[PDB]
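Take a look at this single chain in structure tokens; it is the form deposited in one PDB entry.
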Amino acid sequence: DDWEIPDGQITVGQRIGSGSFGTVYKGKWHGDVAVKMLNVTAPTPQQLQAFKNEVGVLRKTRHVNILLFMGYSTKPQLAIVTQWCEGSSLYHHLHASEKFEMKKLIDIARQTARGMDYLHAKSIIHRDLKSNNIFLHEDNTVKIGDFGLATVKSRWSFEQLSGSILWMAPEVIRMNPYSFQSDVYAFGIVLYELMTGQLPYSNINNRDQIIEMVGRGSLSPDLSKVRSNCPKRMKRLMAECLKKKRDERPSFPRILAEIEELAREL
């Protein structure tokens, strides 16, 4: 409520990309900020109460490895204001184009697992984990985005599957469906991206082919492409996260404990 940034305080600039329910912009309001412009303009009584409940959730769910909520807007569009992360997204680094030392590669995974251990402990299902939602704030601390509006994601379904699907668990394709284990699968794809510097199924230039094959469980990421310097324990953890049978996947407590243990390596 006292989190509503008043009319004409944020200077909306450079279009960054598009998160869950909105479009991200680089803004300015007492320094650098990020603004997610939601696709809602004239909020009805129910719409405005729904959005204010998620803002109440946003100001109650704080963590060093999840994006920092700064406030909201109602005019001219419903928007979410967060902290700005100067080092952009992990996708931007890894894929566009190449390099990080094995220590750092393990450190991002570790910090993503730390944030996700916090989100799962607050009974929040992320629904949309990907490298484009993992931001490098520097202080050199990973920041998880798109975790908010979780109840709105549950109340709806999503069709905005493309352009994504790469981090979607097989059960999420063949439409339970979203769980903590589906979040573990997306994290497994993140681990793949980290240890391989490539996206899964980068040879395919078609969507419905990936939907049929990943969904039926005939396709999966090519693990043979893992770096030679990737420790054994990490290639194994990655496989456990990516397991087709959803209830075989590890929990974030066990995920984090494996990363902590394999980080030594002194």
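Take the two forms, superpose them, and find the largest set of C-alpha atoms that agree within 1.5 Å; that set is the rigid core. Quick note: we count residues from 1 along the sequence shown, nothing fancier.
Just so it is clear, the following notes concern the form deposited in another entry, a form of the same protein that is not shown.
Asks: Once the rigid core is superposed, exactly one of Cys241, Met234, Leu38, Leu67 has its CA displaced by 2 Å or more between the shown form and the other one; which residue is that?
Replies: Of all the options, the C-alpha that shifts by at least 2 Å belongs to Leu38.
Asks: For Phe252, state whether the C-alpha moves by 2 Å or more between the shown form and the other one after rigid core superposition.
Replies: Shift at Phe252: below 2 Å after core fit.
Asks: Superposing on the rigid core, do we see a C-alpha displacement of 2 Å or more at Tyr201 between the shown form and the other one?
Replies: Shift of 2 Å or more: no.
Asks: Align on the rigid core first; then say whether the Cα of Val190 has moved by at least 2 Å between the shown form and the other one.
Replies: Stays below the 2 Å threshold, so no.
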